[PDB]
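Trainee: Pasting structure.pdb here (PDB, C-alpha atoms):
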ATOM      1  CA  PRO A   2     120.059 106.549  99.798  1.00  0.00           C
ATOM      2  CA  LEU A   3     119.801 108.431  96.494  1.00  0.00           C
ATOM      3  CA  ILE A   4     115.998 107.988  96.652  1.00  0.00           C
ATOM      4  CA  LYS A   5     114.900 110.011  99.693  1.00  0.00           C
ATOM      5  CA  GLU A   6     111.599 109.879 101.568  1.00  0.00           C
ATOM      6  CA  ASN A   7     110.696 113.030  99.614  1.00  0.00           C
ATOM      7  CA  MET A   8     111.523 113.305  95.920  1.00  0.00           C
ATOM      8  CA  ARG A   9     110.703 115.808  93.172  1.00  0.00           C
ATOM      9  CA  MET A  10     110.364 114.911  89.488  1.00  0.00           C
ATOM     10  CA  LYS A  11     110.508 116.821  86.178  1.00  0.00           C
ATOM     11  CA  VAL A  12     109.248 115.486  82.834  1.00  0.00           C
ATOM     12  CA  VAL A  13     109.471 116.541  79.198  1.00  0.00           C
ATOM     13  CA  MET A  14     107.238 114.790  76.664  1.00  0.00           C
ATOM     14  CA  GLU A  15     107.167 114.998  72.880  1.00  0.00           C
ATOM     15  CA  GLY A  16     104.490 113.142  71.001  1.00  0.00           C
ATOM     16  CA  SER A  17     102.106 112.829  68.125  1.00  0.00           C
ATOM     17  CA  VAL A  18      98.691 111.144  68.026  1.00  0.00           C
ATOM     18  CA  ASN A  19      97.029 110.587  64.628  1.00  0.00           C
ATOM     19  CA  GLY A  20      99.583 113.072  63.292  1.00  0.00           C
ATOM     20  CA  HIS A  21      98.817 115.835  65.816  1.00  0.00           C
ATOM     21  CA  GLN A  22     102.150 116.917  67.300  1.00  0.00           C
ATOM     22  CA  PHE A  23     102.515 118.216  70.848  1.00  0.00           C
ATOM     23  CA  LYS A  24     104.890 118.893  73.733  1.00  0.00           C
ATOM     24  CA  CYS A  25     104.250 118.710  77.474  1.00  0.00           C
ATOM     25  CA  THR A  26     106.197 119.590  80.561  1.00  0.00           C
ATOM     26  CA  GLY A  27     105.518 118.406  84.074  1.00  0.00           C
ATOM     27  CA  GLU A  28     106.895 118.847  87.547  1.00  0.00           C
ATOM     28  CA  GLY A  29     105.835 117.208  90.759  1.00  0.00           C
ATOM     29  CA  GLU A  30     106.736 115.511  94.000  1.00  0.00           C
ATOM     30  CA  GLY A  31     106.001 112.402  95.939  1.00  0.00           C
ATOM     31  CA  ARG A  32     106.845 109.984  98.720  1.00  0.00           C
ATOM     32  CA  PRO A  33     108.534 107.050  96.989  1.00  0.00           C
ATOM     33  CA  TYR A  34     108.330 104.685  99.967  1.00  0.00           C
ATOM     34  CA  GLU A  35     104.625 105.433 100.484  1.00  0.00           C
ATOM     35  CA  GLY A  36     103.775 104.982  96.820  1.00  0.00           C
ATOM     36  CA  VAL A  37     102.171 108.413  96.380  1.00  0.00           C
ATOM     37  CA  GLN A  38     102.967 111.144  93.869  1.00  0.00           C
ATOM     38  CA  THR A  39     101.416 114.231  92.320  1.00  0.00           C
ATOM     39  CA  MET A  40     102.325 115.907  89.061  1.00  0.00           C
ATOM     40  CA  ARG A  41     101.361 119.223  87.482  1.00  0.00           C
ATOM     41  CA  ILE A  42     101.438 118.997  83.674  1.00  0.00           C
ATOM     42  CA  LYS A  43     101.280 121.711  80.993  1.00  0.00           C
ATOM     43  CA  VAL A  44     100.671 121.211  77.275  1.00  0.00           C
ATOM     44  CA  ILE A  45     103.207 123.754  76.029  1.00  0.00           C
ATOM     45  CA  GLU A  46     102.991 123.046  72.272  1.00  0.00           C
ATOM     46  CA  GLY A  47     100.157 121.793  70.093  1.00  0.00           C
ATOM     47  CA  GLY A  48      97.367 122.555  72.570  1.00  0.00           C
ATOM     48  CA  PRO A  49      94.586 122.303  73.090  1.00  0.00           C
ATOM     49  CA  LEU A  50      94.887 118.633  72.218  1.00  0.00           C
ATOM     50  CA  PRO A  51      92.197 117.258  69.865  1.00  0.00           C
ATOM     51  CA  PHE A  52      92.099 114.039  71.887  1.00  0.00           C
ATOM     52  CA  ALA A  53      91.483 113.056  75.502  1.00  0.00           C
ATOM     53  CA  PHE A  54      94.430 113.793  77.795  1.00  0.00           C
ATOM     54  CA  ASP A  55      93.519 110.517  79.530  1.00  0.00           C
ATOM     55  CA  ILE A  56      95.508 108.526  76.961  1.00  0.00           C
ATOM     56  CA  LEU A  57      98.717 110.357  77.984  1.00  0.00           C
ATOM     57  CA  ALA A  58      98.187 110.102  81.738  1.00  0.00           C
ATOM     58  CA  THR A  59     100.215 106.915  82.337  1.00  0.00           C
ATOM     59  CA  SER A  60     103.186 108.075  80.291  1.00  0.00           C
ATOM     60  CA  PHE A  61     104.002 110.741  82.912  1.00  0.00           C
ATOM     61  CA  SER A  65     106.982 107.243  87.289  1.00  0.00           C
ATOM     62  CA  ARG A  66     108.079 103.880  88.636  1.00  0.00           C
ATOM     63  CA  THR A  67     110.326 105.074  91.487  1.00  0.00           C
ATOM     64  CA  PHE A  68     107.182 105.937  93.495  1.00  0.00           C
ATOM     65  CA  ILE A  69     105.877 102.386  94.048  1.00  0.00           C
ATOM     66  CA  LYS A  70     105.559 101.213  97.647  1.00  0.00           C
ATOM     67  CA  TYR A  71     107.416  97.870  97.749  1.00  0.00           C
ATOM     68  CA  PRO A  72     107.190  95.554 100.782  1.00  0.00           C
ATOM     69  CA  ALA A  73     110.606  94.789 102.233  1.00  0.00           C
ATOM     70  CA  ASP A  74     110.363  91.137 101.082  1.00  0.00           C
ATOM     71  CA  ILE A  75     109.877  92.068  97.378  1.00  0.00           C
ATOM     72  CA  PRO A  76     113.015  93.498  95.697  1.00  0.00           C
ATOM     73  CA  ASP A  77     112.427  96.999  94.317  1.00  0.00           C
ATOM     74  CA  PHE A  78     113.814  96.940  90.764  1.00  0.00           C
ATOM     75  CA  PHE A  79     113.451 100.683  90.232  1.00  0.00           C
ATOM     76  CA  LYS A  80     114.900 102.078  93.451  1.00  0.00           C
ATOM     77  CA  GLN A  81     117.872  99.700  93.073  1.00  0.00           C
ATOM     78  CA  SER A  82     118.619 101.125  89.613  1.00  0.00           C
ATOM     79  CA  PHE A  83     120.102 104.415  90.750  1.00  0.00           C
ATOM     80  CA  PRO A  84     122.134 106.447  90.366  1.00  0.00           C
ATOM     81  CA  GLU A  85     122.078 105.240  86.737  1.00  0.00           C
ATOM     82  CA  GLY A  86     118.293 104.976  86.477  1.00  0.00           C
ATOM     83  CA  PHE A  87     116.233 102.935  84.054  1.00  0.00           C
ATOM     84  CA  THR A  88     114.315 103.058  80.785  1.00  0.00           C
ATOM     85  CA  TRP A  89     110.993 101.669  79.688  1.00  0.00           C
ATOM     86  CA  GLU A  90     109.202 100.892  76.434  1.00  0.00           C
ATOM     87  CA  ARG A  91     105.466 100.399  76.188  1.00  0.00           C
ATOM     88  CA  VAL A  92     103.036  99.240  73.521  1.00  0.00           C
ATOM     89  CA  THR A  93      99.322  99.891  74.041  1.00  0.00           C
ATOM     90  CA  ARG A  94      96.251  98.832  72.048  1.00  0.00           C
ATOM     91  CA  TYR A  95      92.683 100.113  72.505  1.00  0.00           C
ATOM     92  CA  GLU A  96      89.787  97.799  71.650  1.00  0.00           C
ATOM     93  CA  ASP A  97      88.525 100.301  69.101  1.00  0.00           C
ATOM     94  CA  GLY A  98      91.784 100.536  67.130  1.00  0.00           C
ATOM     95  CA  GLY A  99      94.160 103.039  68.689  1.00  0.00           C
ATOM     96  CA  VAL A 100      97.780 101.919  69.087  1.00  0.00           C
ATOM     97  CA  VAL A 101     100.431 103.763  71.119  1.00  0.00           C
ATOM     98  CA  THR A 102     104.186 103.233  71.431  1.00  0.00           C
ATOM     99  CA  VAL A 103     105.957 105.046  74.278  1.00  0.00           C
ATOM    100  CA  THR A 104     109.652 105.145  75.190  1.00  0.00           C
ATOM    101  CA  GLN A 105     110.943 106.693  78.394  1.00  0.00           C
ATOM    102  CA  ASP A 106     114.252 107.490  80.082  1.00  0.00           C
ATOM    103  CA  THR A 107     114.464 108.000  83.845  1.00  0.00           C
ATOM    104  CA  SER A 108     117.579 109.706  85.219  1.00  0.00           C
ATOM    105  CA  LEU A 109     118.613 111.416  88.457  1.00  0.00           C
ATOM    106  CA  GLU A 110     119.959 114.976  88.091  1.00  0.00           C
ATOM    107  CA  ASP A 111     120.932 117.203  91.026  1.00  0.00           C
ATOM    108  CA  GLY A 112     118.904 115.082  93.421  1.00  0.00           C
ATOM    109  CA  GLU A 113     115.769 115.216  91.298  1.00  0.00           C
ATOM    110  CA  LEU A 114     114.193 112.680  88.981  1.00  0.00           C
ATOM    111  CA  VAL A 115     114.139 113.718  85.327  1.00  0.00           C
ATOM    112  CA  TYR A 116     111.884 112.010  82.792  1.00  0.00           C
ATOM    113  CA  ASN A 117     112.128 112.274  79.009  1.00  0.00           C
ATOM    114  CA  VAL A 118     109.281 110.538  77.169  1.00  0.00           C
ATOM    115  CA  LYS A 119     108.289 110.070  73.520  1.00  0.00           C
ATOM    116  CA  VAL A 120     104.707 109.198  72.579  1.00  0.00           C
ATOM    117  CA  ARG A 121     103.422 108.049  69.181  1.00  0.00           C
ATOM    118  CA  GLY A 122      99.791 107.009  68.724  1.00  0.00           C
ATOM    119  CA  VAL A 123      98.042 106.041  65.480  1.00  0.00           C
ATOM    120  CA  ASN A 124      94.687 104.785  64.190  1.00  0.00           C
ATOM    121  CA  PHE A 125      92.463 106.332  66.855  1.00  0.00           C
ATOM    122  CA  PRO A 126      88.930 106.372  65.367  1.00  0.00           C
ATOM    123  CA  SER A 127      87.786 109.929  64.709  1.00  0.00           C
ATOM    124  CA  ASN A 128      84.315 109.071  66.076  1.00  0.00           C
ATOM    125  CA  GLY A 129      85.616 107.304  69.193  1.00  0.00           C
ATOM    126  CA  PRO A 130      85.548 108.712  72.715  1.00  0.00           C
ATOM    127  CA  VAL A 131      89.282 109.482  72.729  1.00  0.00           C
ATOM    128  CA  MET A 132      89.221 111.715  69.642  1.00  0.00           C
ATOM    129  CA  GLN A 133      85.795 113.040  70.688  1.00  0.00           C
ATOM    130  CA  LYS A 134      87.102 113.827  74.215  1.00  0.00           C
ATOM    131  CA  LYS A 135      84.325 111.876  75.974  1.00  0.00           C
ATOM    132  CA  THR A 136      86.460 110.167  78.624  1.00  0.00           C
ATOM    133  CA  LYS A 137      86.316 110.600  82.426  1.00  0.00           C
ATOM    134  CA  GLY A 138      89.511 109.098  83.819  1.00  0.00           C
ATOM    135  CA  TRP A 139      90.757 105.572  84.499  1.00  0.00           C
ATOM    136  CA  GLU A 140      89.548 102.826  86.788  1.00  0.00           C
ATOM    137  CA  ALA A 141      91.920 101.309  89.331  1.00  0.00           C
ATOM    138  CA  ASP A 142      93.892  98.399  87.845  1.00  0.00           C
ATOM    139  CA  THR A 143      96.680  95.912  88.549  1.00  0.00           C
ATOM    140  CA  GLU A 144      99.928  95.311  86.661  1.00  0.00           C
ATOM    141  CA  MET A 145     101.439  91.816  86.606  1.00  0.00           C
ATOM    142  CA  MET A 146     105.230  92.022  86.797  1.00  0.00           C
ATOM    143  CA  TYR A 147     107.495  89.291  85.439  1.00  0.00           C
ATOM    144  CA  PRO A 148     111.289  88.989  85.399  1.00  0.00           C
ATOM    145  CA  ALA A 149     112.580  88.940  81.827  1.00  0.00           C
ATOM    146  CA  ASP A 150     116.291  88.829  80.955  1.00  0.00           C
ATOM    147  CA  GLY A 151     117.699  91.196  83.566  1.00  0.00           C
ATOM    148  CA  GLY A 152     114.647  93.463  83.468  1.00  0.00           C
ATOM    149  CA  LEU A 153     110.919  93.409  84.157  1.00  0.00           C
ATOM    150  CA  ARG A 154     107.943  92.908  81.885  1.00  0.00           C
ATOM    151  CA  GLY A 155     104.588  94.277  83.008  1.00  0.00           C
ATOM    152  CA  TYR A 156     101.087  93.506  81.762  1.00  0.00           C
ATOM    153  CA  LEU A 157      98.048  95.720  82.313  1.00  0.00           C
ATOM    154  CA  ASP A 158      94.405  95.483  81.293  1.00  0.00           C
ATOM    155  CA  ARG A 159      92.771  98.866  81.787  1.00  0.00           C
ATOM    156  CA  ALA A 160      89.341 100.490  81.567  1.00  0.00           C
ATOM    157  CA  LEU A 161      88.842 104.128  80.558  1.00  0.00           C
ATOM    158  CA  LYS A 162      85.528 105.503  81.775  1.00  0.00           C
ATOM    159  CA  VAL A 163      83.410 107.097  79.048  1.00  0.00           C
ATOM    160  CA  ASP A 164      80.653 109.681  79.300  1.00  0.00           C
ATOM    161  CA  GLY A 165      77.317 107.879  79.517  1.00  0.00           C
ATOM    162  CA  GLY A 166      78.477 105.033  81.775  1.00  0.00           C
ATOM    163  CA  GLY A 167      80.467 102.654  79.573  1.00  0.00           C
ATOM    164  CA  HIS A 168      84.163 101.781  79.482  1.00  0.00           C
ATOM    165  CA  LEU A 169      86.731 101.722  76.676  1.00  0.00           C
ATOM    166  CA  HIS A 170      89.179  98.897  77.237  1.00  0.00           C
ATOM    167  CA  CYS A 171      92.863  98.798  76.439  1.00  0.00           C
ATOM    168  CA  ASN A 172      95.887  96.803  77.392  1.00  0.00           C
ATOM    169  CA  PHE A 173      99.575  97.454  77.347  1.00  0.00           C
ATOM    170  CA  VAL A 174     102.828  95.619  77.845  1.00  0.00           C
ATOM    171  CA  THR A 175     105.850  97.413  79.227  1.00  0.00           C
ATOM    172  CA  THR A 176     109.481  96.317  79.388  1.00  0.00           C
ATOM    173  CA  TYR A 177     111.551  97.990  82.127  1.00  0.00           C
ATOM    174  CA  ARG A 178     115.349  97.898  81.807  1.00  0.00           C
ATOM    175  CA  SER A 179     118.038  99.087  84.213  1.00  0.00           C
ATOM    176  CA  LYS A 180     120.956 101.265  83.169  1.00  0.00           C
ATOM    177  CA  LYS A 181     122.951  99.721  86.032  1.00  0.00           C
ATOM    178  CA  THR A 182     125.254  96.877  85.028  1.00  0.00           C
ATOM    179  CA  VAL A 183     123.410  93.585  85.413  1.00  0.00           C
ATOM    180  CA  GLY A 184     124.524  91.665  88.497  1.00  0.00           C
ATOM    181  CA  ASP A 185     124.216  94.593  90.930  1.00  0.00           C
ATOM    182  CA  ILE A 186     120.415  94.374  91.475  1.00  0.00           C
ATOM    183  CA  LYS A 187     118.516  91.713  93.402  1.00  0.00           C
ATOM    184  CA  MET A 188     115.799  90.669  90.928  1.00  0.00           C
ATOM    185  CA  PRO A 189     112.294  90.247  92.319  1.00  0.00           C
ATOM    186  CA  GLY A 190     110.162  87.289  91.309  1.00  0.00           C
ATOM    187  CA  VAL A 191     106.669  87.527  89.849  1.00  0.00           C
ATOM    188  CA  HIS A 192     104.544  90.099  91.662  1.00  0.00           C
ATOM    189  CA  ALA A 193     101.792  92.639  91.064  1.00  0.00           C
ATOM    190  CA  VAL A 194     101.399  96.406  91.390  1.00  0.00           C
ATOM    191  CA  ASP A 195      98.034  97.960  92.274  1.00  0.00           C
ATOM    192  CA  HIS A 196      97.592 101.401  90.677  1.00  0.00           C
ATOM    193  CA  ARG A 197      95.079 104.203  91.234  1.00  0.00           C
ATOM    194  CA  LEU A 198      95.487 107.366  89.113  1.00  0.00           C
ATOM    195  CA  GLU A 199      93.035 110.247  89.632  1.00  0.00           C
ATOM    196  CA  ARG A 200      92.720 113.588  87.840  1.00  0.00           C
ATOM    197  CA  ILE A 201      92.812 116.222  90.613  1.00  0.00           C
ATOM    198  CA  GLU A 202      92.344 119.447  88.617  1.00  0.00           C
ATOM    199  CA  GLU A 203      92.322 120.652  85.019  1.00  0.00           C
ATOM    200  CA  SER A 204      92.189 124.030  83.300  1.00  0.00           C
ATOM    201  CA  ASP A 205      91.884 125.685  79.897  1.00  0.00           C
ATOM    202  CA  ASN A 206      90.648 122.886  77.634  1.00  0.00           C
ATOM    203  CA  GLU A 207      92.861 120.316  79.373  1.00  0.00           C
ATOM    204  CA  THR A 208      96.115 122.162  78.654  1.00  0.00           C
ATOM    205  CA  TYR A 209      96.777 122.235  82.423  1.00  0.00           C
ATOM    206  CA  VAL A 210      96.333 118.962  84.307  1.00  0.00           C
ATOM    207  CA  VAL A 211      97.125 117.785  87.838  1.00  0.00           C
ATOM    208  CA  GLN A 212      97.186 114.057  88.559  1.00  0.00           C
ATOM    209  CA  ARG A 213      97.885 111.909  91.599  1.00  0.00           C
ATOM    210  CA  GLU A 214      98.822 108.241  91.654  1.00  0.00           C
ATOM    211  CA  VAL A 215      99.054 105.651  94.428  1.00  0.00           C
ATOM    212  CA  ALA A 216     100.922 102.437  93.614  1.00  0.00           C
ATOM    213  CA  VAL A 217     101.612  99.477  95.918  1.00  0.00           C
ATOM    214  CA  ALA A 218     103.444  96.250  95.046  1.00  0.00           C
ATOM    215  CA  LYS A 219     102.184  92.935  96.353  1.00  0.00           C
ATOM    216  CA  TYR A 220     102.511  89.211  95.977  1.00  0.00           C
ATOM    217  CA  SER A 221     100.520  87.553  93.218  1.00  0.00           C
TER     218      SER A 221
END
Show this structure as structure tokens.
Mentor:
Amino acid sequence: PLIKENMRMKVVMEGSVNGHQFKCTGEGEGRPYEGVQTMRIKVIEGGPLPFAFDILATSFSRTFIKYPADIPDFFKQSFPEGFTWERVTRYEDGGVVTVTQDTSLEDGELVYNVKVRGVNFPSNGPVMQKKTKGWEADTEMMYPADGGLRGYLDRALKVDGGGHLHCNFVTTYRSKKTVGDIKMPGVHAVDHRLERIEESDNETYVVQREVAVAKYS
């Protein structure tokens, strides 16, 4: 298989949030059939970011979901061509993010190119004030939609002081493999748990780890 029990990934991100432009690079590794991955991320342009890195965390990896044998794995079936995704996210206090992503396989390694654009984050809110403390575990509902998948997520960003800032996003995943070559799964869910492992220098260096497991709804 093109997706081995050990896989490395590289990512390049360009983005802007409230007009602040930035660039990130990441590299990491994981076990795609165990649903575990780790990534080391550097803000190489525009740092230190004037907003919480937490809002970028989920734009940095769908090949590393543990799928039971009975649930078709849309993402692992997509190679060698790979897949793309597009995401729209809204925070309850006004922020809106659009993200587009391309996933390819180059010299046996996964390569991600991502574009992030966020607007209307309140200057007094926890994101622009950098008063966030990582994400709670959450669950994505996955639905088949015209040869691809559509995912729905309600999320909770922990805030300093004990509260949560809520957001939700919808993602459409599309294969670059000609339709008709992939067994489509039915409705299912994906449990996610993303933790910040380490960070340095005003959040311009970040290490994160994610565990993701698909299951029946």
Trainee: Hey, which of A:13, A:157, A:45, A:56 ends up closest to residue 173 (chain A)? Count only C-alpha atoms.
Mentor: A:157
Trainee: Extract, using all atoms listed in the file, all DNA, RNA and protein residues at most 9 Å from region 211-217 of chain A, discarding same-chain residues fewer than 6 positions from it, and format them as a list in words.
Mentor: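 These residues fall inside the cut-off: residues 35, 36, 37, 38, 39, 40, 41, 42, 43, 58, 66, 68, 69, 70, 71, 72, 193, 194, 195, 196, 197, 198, 199, 200, 201, 202 and 203 of chain A.
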Trainee: Starting from the PyMOL selection byres ((chain A and resi 178) around 9), expand the selection into actual residues of this file and give them as a ChimeraX atom specification.
Mentor: /A:86-90,151-154,176-177,179-181
Trainee: Go ahead and fit an axis-aligned box to every listed atom of region 182-187 of chain A plus 8 Å each side, and pass me the centre and edge lengths in Å, one decimal, as JSON.
Mentor:
{"center_x": 121.9, "center_y": 94.3, "center_z": 89.2, "size_x": 22.7, "size_y": 21.2, "size_z": 24.4}
Trainee: Counting only C-alpha atoms, which of A:218, A:132, A:10, A:3 gets nearest to residue 107 (chain A)?
Mentor: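 Of A:218, A:132, A:10, A:3, the one nearest residue 107 (chain A) is A:10, counting only C-alpha atoms.
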Trainee: What residues come out when you apply the PyMOL selection byres ((chain A and resi 16-25) around 10) to this file, written as a VMD selection string?
Mentor: chain A and resid 12 to 15 26 to 27 42 to 52 56 to 57 61 99 to 103 118 to 127 132 208 to 209
Trainee: Which residue gives the smallest distance to residue 85 (chain A) among A:67, A:108, A:117, A:7, with only C-alpha atoms counted?
Mentor: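 Checking each candidate against residue 85 (chain A), we get A:108 as the closest.
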Trainee: List the residues selected by the PyMOL selection byres ((chain A and resi 171) around 8) in the file shown, writing them as a list in words.
Mentor: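 Selected by the PyMOL selection byres ((chain A and resi 171) around 8) in this file: residues 93, 94, 95, 96, 158, 159, 160, 161, 169, 170, 172 and 173 of chain A.
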Trainee: For the point (106.5, 111.9, 99.6) in file coordinates, what residues are within 6 Å, counting all atoms listed in the file? Give the answer as a ChimeraX atom specification?
Mentor: /A:6-7,31-33
Trainee: Please determine, counting only C-alpha atoms, which residue among A:104, A:98, A:144, A:186 has the shortest atom-to-atom distance to residue 116 (chain A).
Mentor: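 For residue 116 (chain A), the nearest of the candidates is A:104.
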Trainee: So, counting only C-alpha atoms, which residue among A:204, A:221, A:82, A:60 is closest to residue 143 (chain A)?
Mentor: A:221
Trainee: Calculate how many Å separate CA of residue 55 (chain A) from CA of residue 112 (chain A), rounding to one decimal.
Mentor: 29.3 Å
Trainee: When you draw a straight line from CA of residue 8 (chain A) to CA of residue 54 (chain A), how long is it in Å?
Mentor: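 Rounded to one decimal, the two atoms are 24.9 Å apart.
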Trainee: From the options A:142, A:188, A:130, A:75, which residue's atoms come nearest to residue 163 (chain A), counting only C-alpha atoms?
Mentor: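 Smallest separation from residue 163 (chain A) among the options: A:130.
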Trainee: What does the structure give for the distance between CA of residue 28 (chain A) and CA of residue 111 (chain A), in Å to one decimal?
Mentor: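 Interatomic distance here is 14.6 Å.
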Trainee: Please reconstruct the missing atoms of region 30-42 of chain A (target: N, CA and C atoms) and return them as a short mmCIF file (atom, residue, chain, number, x, y, z; two decimals), keeping the file's coordinate frame.
Mentor:
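Below you can see part-v9.cif, which holds the result:
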data_model
loop_
_atom_site.label_atom_id
_atom_site.label_comp_id
_atom_site.auth_asym_id
_atom_site.auth_seq_id
_atom_site.Cartn_x
_atom_site.Cartn_y
_atom_site.Cartn_z
N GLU A 30 106.04 116.00 92.82
CA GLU A 30 106.74 115.51 94.00
C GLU A 30 105.99 114.31 94.56
N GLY A 31 106.69 113.52 95.35
CA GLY A 31 106.00 112.40 95.94
C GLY A 31 106.76 111.83 97.10
N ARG A 32 106.22 110.73 97.63
CA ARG A 32 106.84 109.98 98.72
C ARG A 32 107.11 108.59 98.20
N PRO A 33 108.32 108.30 97.74
CA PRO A 33 108.53 107.05 96.99
C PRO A 33 108.28 105.81 97.82
N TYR A 34 108.52 105.86 99.13
CA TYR A 34 108.33 104.68 99.97
C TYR A 34 106.90 104.54 100.46
N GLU A 35 106.05 105.53 100.22
CA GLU A 35 104.62 105.43 100.48
C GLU A 35 103.83 105.17 99.22
N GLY A 36 104.46 105.28 98.06
CA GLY A 36 103.78 104.98 96.82
C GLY A 36 102.84 106.07 96.34
N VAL A 37 103.07 107.32 96.73
CA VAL A 37 102.17 108.41 96.38
C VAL A 37 102.94 109.50 95.63
N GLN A 38 102.32 110.06 94.60
CA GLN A 38 102.97 111.14 93.87
C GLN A 38 101.91 111.99 93.20
N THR A 39 102.26 113.26 92.99
CA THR A 39 101.42 114.23 92.32
C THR A 39 102.24 114.94 91.26
N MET A 40 101.63 115.21 90.12
CA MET A 40 102.32 115.91 89.06
C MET A 40 101.43 116.97 88.45
N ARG A 41 102.02 118.14 88.19
CA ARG A 41 101.36 119.22 87.48
C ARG A 41 101.93 119.29 86.07
N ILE A 42 101.05 119.18 85.07
CA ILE A 42 101.44 119.00 83.67
C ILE A 42 100.87 120.13 82.84
#
